[PDB]
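Notes follow once the structure below has been shown.
Residue numbers (my numbering): 25 to 148.
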């Protein structure tokens, strides 16, 4: 279970920045026993040059094991793929990264998912 805070700046000034679209600063938080065991931050490579990018960084967020993605992208665009992926989507109403961390440990924020193995209806 890894919690990833979109934007979140790089220190303690960018409180969630604003929205999640091309934020070249996705903070990664590998929580283990309710105690952040690793707090790092990865910046985007060329968010202002490649063709059709920004929300494409999501594919990479899933390759990092980020089972949690708290962001505030404007529209179901990002939440659309994160859903077809199978990861836990999260919404960032707006508050701060420091508080967001302890906020995920209490399941305060909201999350959305999309299971594909429900209602067992086998033919036989």
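From the three backbone atoms N, C-alpha and C, an ideal C-beta is built for every residue, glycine too.
**OP:** Count the other C-beta atoms from every protein chain shown that fall within 10 angstroms of the C-beta of residue 36, then say buried if there are 16 or more, exposed otherwise.
**Re:** Numbered from 1 along the chain shown, position 12 holds the residue referred to as residue 36. Under this definition residue 36 is an exposed residue.
Original post:
In chain order, what residues of the same chain lie with their CB nearer than 7 Å to the CB of residue 25, ignoring the 5 residues before and after it?
Top reply: If you number the chain shown from 1, residue 25 lands on position 1. Around residue 25: 55, 91, 92.
Original post:
Do the CB positions of residue 79 and residue 29 come within less than 8 Å of each other?
Top reply: By one-based count along the chain shown, residue 79 stands at place 55. By one-based count along the chain shown, residue 29 stands at place 5. Against a cut-off of 8 Å, the Cβ pair of residue 29 and residue 79 comes out as no contact.
Subject >> Own chain partners of residue 98 with C-beta closer than 6 Å, once the 5 adjacent residues on each side are dropped >> reply: For the purposes of this step, residue 98 is taken as residue 74 along the chain shown, with counting starting at 1. Here the set comprises 43.
Original post:
Buried or exposed: where does residue 116 fall if 16 or more other Cβ atoms within 10 Å of its Cβ makes it buried?
Top reply: By one-based count along the chain shown, residue 116 stands at place 92. By the neighbour-count rule (16 or more Cβ atoms within 10 Å), residue 116 is buried.
Original post:
If you draw a straight line from the C-alpha of residue 50 to the C-alpha of residue 33, how long is it?
Top reply: Locating residue 50 in the chain shown gives position 26, counting from the first residue. Locating residue 33 in the chain shown gives position 9, counting from the first residue. Each residue's alpha carbon lies about 8 Å from the other.
**OP:** Could you round the C-beta distance between residue 46 and residue 71 to whole angstroms and report it? I think they count as a contact, below 8 Å.
**Re:** Position 22 of the chain shown, counted from the first residue, corresponds to residue 46. Position 47 of the chain shown, counted from the first residue, corresponds to residue 71. Right, their Cβ atoms sit about 5 Å apart.
Original post:
Going by DSSP, which residues form a beta bridge with residue 63?
Top reply: For the purposes of this step, residue 63 is taken as the residue at position 39 of the chain shown. According to DSSP, residue 63 bridges with 53.
**OP:** Classify residue 129 as buried or exposed, calling it buried when 16 or more other Cβ atoms lie within 10 Å of its own Cβ.
**Re:** The sequence position of residue 129 within the chain shown is 105, counting from 1. Flag for residue 129 reads exposed.
Original post:
Cβ-heavy atom distance between residue 114 and the ligand SAM below 7 Å?
Top reply: The ligand SAM is absent from the structure shown, which contains no ligands of any kind.
Original post:
Taking just the CA atoms, how far does residue 106 sit from residue 88?
Top reply: Walking along the chain shown from the start, residue 88 turns up at place 64. Walking along the chain shown from the start, residue 106 turns up at place 82. So the alpha carbons of these two residues sit roughly 13 Å apart.
Subject >> Neighbourhood of residue 135 by C-beta distance below 7 Å, restricted to the same chain and skipping five residues each side >> reply: As a first step, residue 135 must be located in the chain shown, where it is residue number 111. Excluding residues within five positions, the ones whose Cβ falls inside 7 Å are 112, 113, 114.
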